[PDB]
Amino acid sequence: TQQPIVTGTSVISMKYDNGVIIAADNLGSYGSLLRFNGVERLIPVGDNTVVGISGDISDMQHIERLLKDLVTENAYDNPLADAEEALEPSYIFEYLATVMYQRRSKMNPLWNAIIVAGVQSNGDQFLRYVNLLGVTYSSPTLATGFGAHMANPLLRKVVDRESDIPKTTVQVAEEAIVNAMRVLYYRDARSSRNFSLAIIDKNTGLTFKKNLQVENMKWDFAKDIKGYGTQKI
Amino acid sequence: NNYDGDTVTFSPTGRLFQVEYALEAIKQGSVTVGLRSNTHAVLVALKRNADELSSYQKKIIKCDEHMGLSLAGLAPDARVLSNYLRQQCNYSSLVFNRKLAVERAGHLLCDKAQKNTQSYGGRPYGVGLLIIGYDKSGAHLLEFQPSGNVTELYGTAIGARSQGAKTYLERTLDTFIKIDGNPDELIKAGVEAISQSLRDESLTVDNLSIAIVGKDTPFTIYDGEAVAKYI
Amino acid sequence: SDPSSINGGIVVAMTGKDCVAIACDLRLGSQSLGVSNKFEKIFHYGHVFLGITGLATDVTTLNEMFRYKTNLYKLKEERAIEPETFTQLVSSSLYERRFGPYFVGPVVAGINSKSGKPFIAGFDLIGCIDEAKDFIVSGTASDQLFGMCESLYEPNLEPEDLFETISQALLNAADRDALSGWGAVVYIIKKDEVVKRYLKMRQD
Amino acid sequence: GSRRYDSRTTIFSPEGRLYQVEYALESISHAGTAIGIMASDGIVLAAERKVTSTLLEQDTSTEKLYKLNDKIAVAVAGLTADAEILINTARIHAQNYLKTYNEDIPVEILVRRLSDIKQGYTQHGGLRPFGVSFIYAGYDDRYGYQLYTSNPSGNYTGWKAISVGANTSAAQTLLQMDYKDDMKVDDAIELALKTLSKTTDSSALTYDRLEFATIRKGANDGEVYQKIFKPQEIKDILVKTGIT
Amino acid sequence: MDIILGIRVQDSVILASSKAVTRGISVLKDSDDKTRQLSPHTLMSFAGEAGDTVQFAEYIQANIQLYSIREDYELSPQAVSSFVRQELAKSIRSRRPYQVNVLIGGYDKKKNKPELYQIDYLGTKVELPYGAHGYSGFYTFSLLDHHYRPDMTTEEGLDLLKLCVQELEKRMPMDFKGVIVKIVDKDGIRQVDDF
Amino acid sequence: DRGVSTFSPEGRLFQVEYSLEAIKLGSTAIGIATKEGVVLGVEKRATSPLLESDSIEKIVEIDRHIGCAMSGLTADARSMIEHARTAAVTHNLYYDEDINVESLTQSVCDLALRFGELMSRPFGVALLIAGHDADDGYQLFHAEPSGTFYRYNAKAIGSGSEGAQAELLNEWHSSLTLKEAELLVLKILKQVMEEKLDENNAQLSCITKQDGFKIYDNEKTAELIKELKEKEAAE
Amino acid sequence: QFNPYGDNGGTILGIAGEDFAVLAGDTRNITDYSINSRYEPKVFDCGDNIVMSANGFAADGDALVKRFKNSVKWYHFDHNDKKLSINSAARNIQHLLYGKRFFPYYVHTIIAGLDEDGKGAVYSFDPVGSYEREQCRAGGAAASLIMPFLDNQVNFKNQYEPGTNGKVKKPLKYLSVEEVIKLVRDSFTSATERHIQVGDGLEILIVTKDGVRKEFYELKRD
Amino acid sequence: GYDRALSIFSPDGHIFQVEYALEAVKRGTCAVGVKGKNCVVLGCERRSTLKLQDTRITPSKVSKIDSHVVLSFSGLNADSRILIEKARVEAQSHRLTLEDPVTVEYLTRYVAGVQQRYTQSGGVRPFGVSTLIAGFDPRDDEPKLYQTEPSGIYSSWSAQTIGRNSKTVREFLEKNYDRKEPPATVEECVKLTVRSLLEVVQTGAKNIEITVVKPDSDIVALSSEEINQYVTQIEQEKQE
Amino acid sequence: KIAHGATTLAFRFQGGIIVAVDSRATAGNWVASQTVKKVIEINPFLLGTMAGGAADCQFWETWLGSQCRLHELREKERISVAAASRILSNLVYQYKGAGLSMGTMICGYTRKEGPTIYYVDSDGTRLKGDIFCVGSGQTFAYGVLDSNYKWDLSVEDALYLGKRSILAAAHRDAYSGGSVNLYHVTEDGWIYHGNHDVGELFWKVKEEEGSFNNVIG
Ligand SMILES: [Mg+2]
Ligand SMILES: [Mg+2]
């Protein structure tokens, strides 16, 4: 049993016709102090998987090292390490899920909520969630923390069920993700303007976008708001 | 001579006699054949009985839905090694949601056997194994020796009089590799291969044991009237 | 609840001219209930005397432990253990149970057989040695005993005078403690004779 | 591996004997003779120190007679270092019993415990046995005065008079001849010294070549006293009995 | 369980122990014998936490019976009491201590004397002319302090014991369903079937 | 000296091969499997007439549906029987069912090669494990100290094994009744035994689906011996 | 302080027919007032004609099912590919659950299939491994809403034959697979209306001698 | 720990360490067991090479395992104490868990199992001891007499002997003991036991020990004079 | 919310032992089941009753059956009720403090003992006795038992007494009810005497007996 110290907020994601999109901001909070402004919370594994992590940052760095070690281990005595016997999103997720549940079962959890986004060998989209309790679930849209409350409702308007996935293009999906990140910046007190976004497409592969910013913000209407009720000036 | 008392002792010419004696146990064992195409992989095994009242000793063991082996030598040692393979296949599935590669399965068997050849007190395994399987890189056939040496092959045979079947497969190499999408013809070639190792006795209904794995074919063992078709 | 005051009892020791005295009450109780008026708290191993207050089961256990150890000491050393050496053994033995201690208040008293020098010592429940020149007190009426000893005591008292001083210190201290009394014993110790006297006191 | 160098200390011979026990007994047969004699009013322990020197400090020396507790003592024959290991274990066992039951340990129970320890080294562990034979002299309120012996096999037996070490065959014959049941301590003292005087390999028996002890009820009223004799006291009893 | 009493007279030791067993709301049994024979001339009564009482008593019984067979000899009451005390003193610093209080009534055949030992769960041993555990002493000791003599007969001891039980039956809130009385003397152990 | 788990130049474990020689010195045990049941019989071989022969326990119950006969160093069989009984009962606890005869035999044979420098040597006893289950019906197995087990229609072990096995070769057929099998075991035991066969120096037993494993009374066996004598004198 | 348990909601229902058995469960997965997934399968085919669901804390539920599926696999290896009967599976699951008696799987487990006489069978478990064969059993969040309805409409409780007035009970006539599915659908539709953790979808696994069949139906998504 | 395999098979299929343990039993003093109709008697030889012995305190050859079962032995004396201790512990352990004292067969099966364990355990040698275990089952009046040996095999006997010159006394018992009519009384059973020892013992003085066990935990050891009367009566009948 | 609530009884009489239990299991106020089997069939000769923890009772009394089977295989003799009850009590005593919940009557009938009942508890208690009653409705059942019990009851009358006593508890105790399961234990084994719905049984007993005049029917 511990308490999380340096923490990362929401990770958000969704499926689209040819793949998956995932995003997370670059902040490492220390309670109410917005301590670290250059933290990468999306960690790619190979060219077909991106693991997005929220919660305790020290535990995130540990998980980051496990995934790095996993790639090394898979390459050992494996002539097809960059082909048929390469690491799949499903393999990476199941490994993490095993570790998370084992750690909760020893009453010493990795204090994280994790989303594994990727594309399988046969082109199928992979998107699944796991957290400190070892709880797992999959959905056309997935989000952690505040994202679950604010991002999911917006992303579910685009892809409400399985049949909406083939009808959703990469442009529409990315637009929805970027809008959700803006909404989280308006409303989450432990978020930052700077974020990273990753697209894993079955045709164009892994596209990793760094140093993105929330833009096109509405603040002008604030000038007309005066007092808290009766005040006119 | 003076250097065969235990596995921890090299001879003056750099030989390990206890390992070689364990290798000898395989030669005493009954013949078993392995061969594959690009789509399927087949095991054929000549089972041995104690006498006419006795049953015929089982030679083939299933390890997973996509992998299994045939044995020649000490059967209990095959049970130990096959059990280890069952566990490793299972660890791969539970932890990584991943079917264990046949090549990696061979590496694990090599390393397990090796530890028994370098330590005092223990002994080498007294059995040879032919592992077949179908994974993400197609059909595979492996030959395991208790020295630790594991080898990937198109076809092979181990046990008594196995040289005859091995020569046949060496001639037929170009033919049976091309038998794709036809399980019965691949088995026929395996039954014809093991027949080159027979003397006096012939293939009967309770004598023959066949196993197959392939693209859309789980590892299944055929015994009894199920192999009468191929006699 | 407090282990050191379940059973009750007291021990006091004093030095005199070429002599030492050690004394104790005889009560054993279960809180308010008086159980025994014959529970002696002073033991001896050769010429070294040990008084023990506190939890009665530990009093008994430690006596059996130091009998055990002083008997092995004697067999190997071919001589009886001295007060100074025994004091160190008590301290060592108590400290080995640092984080699971015996709930006791030991008091050592005796005369060194070679030098003839009078010796007394007191300990806390975990081994700290209090080697006083004048007197040592222990038990549930230790505050009362400190008050009596500090006023009544004077140095270089003769054995028969020392008897009166230590007896009055014990008796009057015990009478101001609910969990002490029910009889008393006083040991007067000289270099080669020891007298044991049971005192008459109020039995409430 | 290591098997090559293993002597296998705990195995039977074809005849059903324990090699190492038999060879340990052979070792003990060269040790200084120790005698125990039990009387109605006490027990005597006498023992011969092996070829001593004039420069050996006798009054502070102890190689034969050891105290286990106030009621029990032992005479040693064999390797002294081996004996001290067992002696300390026996001393501890006596104290464990005293702490548990608040009574002095009965003689046989102590003897059985030490004998069982010796037995263990002959059956398991792959270690050499203790090259020691004991004579136990002790008293308790159940059986009174008791004499026992134990040897490296871990077998023990009770005795009225017994010898261990060198020349036991000759010594036992002499004891068997002159011993009687109604004998007293003072007579037993004389018998023990006379037996050693005849069986000794030395030219003459002297005070500096002996260790002596008695266990008497000759203590003021119903209690038992152990007396380990001093060099001058051994010299006096040698003159009294008429040996020197 | 509840009430266990003991009294040592001239030539015997008498132990009295309640018959009731209560599982919270209900009295499940009214004929329970809260004692075990450790040896032919040694009896132990017991009271404390459920389960621990019988488990401890039977464990002690087994150990003393083992000693008796090994040595072909009966241990003295003093020796048995010291063994029992050590086990309880060991128990109090264990992971889960035996929550058991005992009285040990024995007749020493060597000294020709009855002996009564009181030992609580902490391992606190005392030899007494009469003893009790729990709240039993609070009612009975004043009567025993008045009437008791060291030269009392067994019959006089039983009469004094009846007076103690009568006072308990009057002033105690719990119904303990009477007592089973047992006598320990030179001839061994016997039960008083009418009390 | 030499390792306990050492291979010979021929590729056999010395200690396993030597334990097989101890089994050859053991008393005879015969098993015959039929569609009506499996029969187990043994030679008691008392070393003296003062030895109470009914205390010789060489046929043993493992479960209601599984029986066992032994030959060789019979003292070694006790821990094997204990394991077998435990395995049978444990499986019933875990799975609320009877355990397969083959699975039970496999569990016993797993102990065999657990020796080294675990126990210090292989077992010096062979077992005939007979039983019935719903899947494979009436079965007879021969469990060796090598860890190998063969299923048999009929099998003899012990000192008169090769002579008895040759006799079982001719006599056994797939339509044998239970009564025919009983007499056949008695016939072959009588043939290979040193002393004259009677109800006191030989013991019969069987396992049926209905009644389970049963050791035959001396009175019951005595009748079967008398029935045997008459039918041999009939031609 | 760290709490190793959670509540993923959901509701499951097992009904045993004359020659069939159904095991139904909603597909909604939740934490507190949020929806994790509208379609997260909760009832699983475990092989040997046995279906299983472990409802409650999903991490423990997935772990238990995974270990049972594993037990079926090793049962085949160790006992010559013998079919694991429903009663034997039930006893095995007891030992899996009771193995963690002092740190329990926080789930209500139900299995369904056919017994060795071919008749429909349902078994129900508590978190620590106590079990019982039953004709009818709902588990999870809305179990209290569903069971009283099943008592009335499956077992005909409190129903009597008209004219007799309480003297003659309504006879316990056997229900078909079509009739059972109707009662399952109406049970979940009613539960969906009054329980916030029930909705999105209903997945039913039907077990017969022919094998395991699946049916899916939409539920309200609010 | 010392793990060396001391008990192993030889080419001819023998375990020499177990067989050499029997040779130690052959060396041991003779022990005999005879069961009558309502009793069992255990006779034991005491070699008279050891005089000046204290017979009060010297370990007796017959040992009580419980109040209703006794154990005698032939072979290594030190080894026998370990088996006796284990047997006594198991007897009390059985009473504690089953409420019921051990049966004679059960106690024998335990001791025999301990002996067997020491024939295939690493780093230990077999017990050089054979035992005769006798007594009566609780609430039973049928006499019981069992034998064990180093290998671990055990069996029931109407009458049996072990130790040195046991071949001779077994010869005597085989012709003198009738199964259809065993020694009906205690006298007849003791007499036959003393007679059997007199074939081997030498002098009938302090060389013969006799212990009579009867039903319901009635065990008693005969004294020198009581045994001497049997010795006197036997030889006076023999002078004819 | 583990299940809780029960009424179980067992009593010795001339014809052996009667065992009677209710069938209800409740998680708080919610009635989880009305069809619970509260008599465990340890083997054909031994019965155990379920009260406290359902799993604890089920698991360990099944296990007890396995131990009893191993005993009779090894000793070639039926295990005594004393020995069997002791194996269970010693087992649960090892677990004392860990949180096992068990209150059970181990019931059997052997040659040496006759009809015997042992109350075994998770705190280590092991009591031999003639009449035991355990559960939330135990006090109600005791009233009917105590006032009507005799040693010389017939098997028929004893079966009814056990049935009637559970009914009394089922009526008054909220956490008892559903149905009554009856067993009769003989030397040759136990005999099952049916499942009896309390709803139907109540009205039947009311009319035939004239009891429960407080209740309108
Ligand atoms: Mg007062
Ligand atoms: Mg809803």
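Computation of the quantities below employed the complete heavy-atom set of this structure, encompassing side-chain atoms and omitting hydrogens, waters and symmetry-equivalent molecules. Protein chains get the first letters and strands the later ones, always in sequence-line order, with residue 1 at the start of each.
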Side-chain (C:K190) to main-chain (C:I188) donor-acceptor, under 3.5 angstrom: no
Neighbour count >12 (heavy atoms, 6.0 Å) for atom NZ, E:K90: yes
E:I4 CD1 to E:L103 CG distance, which is reported to the nearest 0.5 Å: 4.0 Å
Ring centroid separation E:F46 to E:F56 under 6.0 Å: no
Atom NE2 of C:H44 with >12 non-hydrogen neighbours under 6.0 angstrom: no
Electrostatic pair C:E78:D:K67 at N-O distance under 4.0 angstrom: no
Check: C:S92 side chain, C:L89 main-chain N or O, donor-acceptor pair, under 3.5 Å: no
Centroid-centroid under 6.0 Å between D:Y101 and D:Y97 rings: yes
Minimal non-hydrogen separation, C:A23 against C:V186, with atom names: CB-CG2, 3.8 Å
Residues, nucleotides or ligands: over 12 heavy atoms within 6.0 Å of C:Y95 OH: no
Note, C:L26 side chain near C:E40 side chain (heavy atom, < 4.5 Å): yes
Sole candidate of C:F86, C:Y102, C:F43 that passes ring-ring contact (aromatic ring centres under 6.0 Å, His included) when paired with C:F66: C:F86
N-O pairing of C:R67 and C:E64 below 4.0 Å: no
Other residues, nucleotides, ligands: >12 heavy atoms within 6.0 Å of C:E77 CD: yes
Salt bridge flag under 4.0 Å for residues E:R93 and C:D58: yes
Whether over 12 other heavy atoms sit under 6.0 Å from D:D70 CG: no
Sidechain-backbone polar pair: E:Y148 side chain, E:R8 backbone, donor-acceptor under 3.5 Å: yes
C:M201 and C:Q203, any side-chain heavy atoms less than 4.5 Å apart: yes
From C:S5, C:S4, C:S180, residue fulfilling side-chain hydrogen bond (donor to acceptor under 3.5 Å, both in side chains) relative to C:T140: C:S180
Within 6.0 angstrom of C:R176 CZ, more than 12 heavy atoms from elsewhere: no
With sequence neighbours excluded, residues passing side-chain hydrogen bond (donor to acceptor under 3.5 Å, both in side chains) with E:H133: none
Side-chain donor or acceptor of E:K125 paired with backbone N/O of E:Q86 under 3.5 Å: no
Any donor-acceptor pair under 3.5 Å from C:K133 side chain to C:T15 backbone: no
More than 12 heavy atoms from other groups under 6.0 Å of NZ on D:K99: yes
Residues C:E82 and C:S113: side-chain donor-acceptor under 3.5 angstrom: yes
Check: C:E193 side chain, C:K191 main-chain N or O, donor-acceptor pair, under 3.5 Å: no
Value rounded to 0.5 Å, distance of CG in E:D120 from OG1 in E:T124: 3.5 Å
Where at least one partner belongs to residues 3-22 of chain C, residue pairs that pass salt bridge (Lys or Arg N to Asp or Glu O under 4.0 Å), sequence neighbours excluded: none
Closest contact, heavy atoms only, E:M152 versus E:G157: CE-N, 3.9 Å
Point-to-point distance, once rounded to the nearest 0.5 Å, from CD of E:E58 to CG of E:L38: 11.5 Å
Carboxylate-amine/guanidinium contact D:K71 D:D140, below 4.0 Å: no
Short N-O contact, E:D151 and E:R149, less than 4.0 angstrom: no
Heavy-atom donor-acceptor pair, I:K96 side chain to I:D123 backbone, under 3.5 Å: yes
Of C:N63, C:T70, C:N71, the residue whose pairing with C:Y45 passes side-chain hydrogen bond (donor to acceptor under 3.5 Å, both in side chains): C:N63
E:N101 side-chain N/O to E:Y121 backbone N/O, donor-acceptor pair under 3.5 Å: yes
CZ/C:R202: more than 12 non-hydrogen atoms of other groups inside 6.0 Å: no
Under 3.5 Å: donor-acceptor pair, side chain of D:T100, backbone of E:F83: no
Flag, side chain of E:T153 to backbone of E:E156, donor-acceptor distance under 3.5 Å: yes
